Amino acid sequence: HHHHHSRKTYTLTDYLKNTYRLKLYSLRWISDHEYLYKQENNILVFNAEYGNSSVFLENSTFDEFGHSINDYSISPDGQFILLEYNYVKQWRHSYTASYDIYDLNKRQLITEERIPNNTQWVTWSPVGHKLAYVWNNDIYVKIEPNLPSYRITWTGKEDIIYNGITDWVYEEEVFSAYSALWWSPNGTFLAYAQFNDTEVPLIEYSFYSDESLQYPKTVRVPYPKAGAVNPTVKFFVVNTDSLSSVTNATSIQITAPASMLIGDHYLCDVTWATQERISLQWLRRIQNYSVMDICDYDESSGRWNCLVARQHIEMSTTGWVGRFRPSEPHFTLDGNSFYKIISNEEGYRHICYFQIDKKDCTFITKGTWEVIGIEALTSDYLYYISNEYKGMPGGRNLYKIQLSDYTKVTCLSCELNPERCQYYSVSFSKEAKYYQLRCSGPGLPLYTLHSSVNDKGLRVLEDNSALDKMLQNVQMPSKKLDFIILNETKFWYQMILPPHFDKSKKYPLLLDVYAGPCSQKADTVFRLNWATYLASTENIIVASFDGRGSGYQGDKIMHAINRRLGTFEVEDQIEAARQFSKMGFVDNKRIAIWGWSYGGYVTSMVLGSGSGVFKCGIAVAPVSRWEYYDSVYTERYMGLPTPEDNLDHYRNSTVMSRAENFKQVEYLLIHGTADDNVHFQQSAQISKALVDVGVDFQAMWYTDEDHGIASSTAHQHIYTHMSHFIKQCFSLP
């Protein structure tokens, strides 16, 4: 006699086998009024206006193909489809693949002059059907899909010269992309970066492969660790309309400002402003100074001129420039003006309006909140996401501001579904006539389509009723999102609370940590994850805290750990734990901490702190000392590890130096052997230091797994392993 009360919980197997599936609604805008979507592997076009859809491409159209198709891309003009197959993953964004082009009009595979195997990147021009691709680190252009390619670059060289694609650090830390090609708006020009890794040292590590491989392979990747020789970069623009089968193409170089050339620098943003005007942002290796150049094509010479009178400097006295890099400009149609996110006088990030000829910009938004991103710009309105609503830095809503009157700001998303929806992202149609809103929480995700004309809702695309239906009699956890005041400053936390949460009781507490610069772990997003299991099934509170160095609340918080990683952010997690115990529903003897990546570092620094607050913790793929990690991320926050810069704090902020203090705690250290990002080295050095002072700890290596430890089997194994460790640390049967 169970009286239909909820007795199921969200189990580990539920998490690992995806029993409860979040439904997405992924679409790709092709025009201002149409998008594509998949239904049972068929590709449908949907017309946003009248809600209808015709099948665009049958699920069976490439049955005969003979290869499994990984992805596709349709040309802007709708006449060709690019089919990607033989996908082989490289780093976070990079991969190689084979490509075939299918003619949608003639309904046939192009068979002549095919894109080669092992292609590294492919991109349609933004209009028409020109193709640029990179193969063997060289850029090629096809003006028509069945015609011979024009080789643009001849300097490409494996691990040394990269044309049109990024090297390792630029991929992971600057562009968040493999691609380093930018077509001009109408496809006349093709801009590209060339990276030179010639004297960049190699990280070398073993890759064991299938058990058939008799001798392990040594992988060798150019990787600048902090203070090491960095890649250099050059920027070019080629006119694709004046290509020629008989003469090699002329790439016009756009050189960095002298203020950048006097030392090590980076190329940190590329943005076309018009058909004949491109903006570049460069960044000094000491990343507190950046320069935007605005460069016009000179018709009579066929070269590019960046007028000093249109240079813009963005700098910071309290930290680095930008959240992770200088923000990108959104240009007006005429290219004489642009909008960009920068920190205001009070350290808050807001949209500034620039004319290209003027040094002073004027802020169009302000307040003790921040603009997350500029999402679209029309002639009358600018659309942006911000955390203004209710002063909740972990919320996200879409707003629009009238360009002619800045006091006219409308929230488009705030009141749509206030209880269910407080974390929005947006996808606008090609000229902003429609937009898809994606609400990610705190309720179940919700995908809606809107006409921007008068912001009326057209329809619900996906409302996750199937999941809602399944969860009716499952004892799910809740999320408390709130703040504590420390030194007259709000710091936000979230708690994943077990079902039937009773403040009278004392719960074990797991502190789930990132805490890196501009991190945010206290937000309104709904998640089905390991923490859901721990709270639901194992009755553990899983909490996260955004202390100093956290993002989206201004520079006085975010920049507080400048040049001082492994200090305040570490201390604030410990303090968070003390505060959580102060709240009266936490068992002080069963507080644990875990993190991945920066969170691994913090977890480790906390467990080695001697605080006595934490019984145990898990560090997954942690940084152990900053000199081991890449230059652009590390130096952003730490400067250079030289006696004249910041070597002392590099040396003071290691987990190894704290080995002795791990005698007080139970520690599990986990690392993938093929981690190209945070090298296995980092954990190898932790383990060696703990061994050297005689502290027992648990370890797990993951053969051939990288930073994501994301293989289906490894992912299940690591979470199972961590679950056993936590349960035993907390004496849960």
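Sequential numbering from 1, following the sequence displayed. We call the rigid core whatever largest set of C-alpha positions still superposes within 1.5 Å between the two forms.
Where the structures in 6 other deposited structures of this protein are fitted on the rigid core, 467-475 is the one of 570-578 and 467-475 whose C-alphas sit farther from the shown form on average. When the other structures are laid on the shown form by the rigid core, the stretch among 44-52 and 703-711 with the greater C-alpha deviation in 6 other deposited structures of this protein turns out to be 44-52. In this entry, the higher average B-factor at the C-alpha atoms falls on 401-409, of the pair 401-409 and 594-602. If you average the C-alpha B-factors over 420-428 and over 243-251, the higher value belongs to 243-251.
Each of 472, 271, 214, 230 has a CA temperature factor in the record; the biggest one is found at 472. For the set 658, 92, 505, 521, the PDB entry puts the maximum C-alpha B factor at 505. Among all modelled residues in its chain, residue 159 ranks in the middle third by Cα B-factor.
Remark: residue 121 belongs to the middle third of its chain, ranked by C-alpha B-factor as recorded. Remark: residue 22 belongs to the middle third of its chain, ranked by C-alpha B-factor as recorded. Annotation for residue 203: CA B-factor lies in the lowest third of the chain's modelled residues. Residue 706 sits in the lowest third of its chain by CA B factor, as recorded in the PDB entry.
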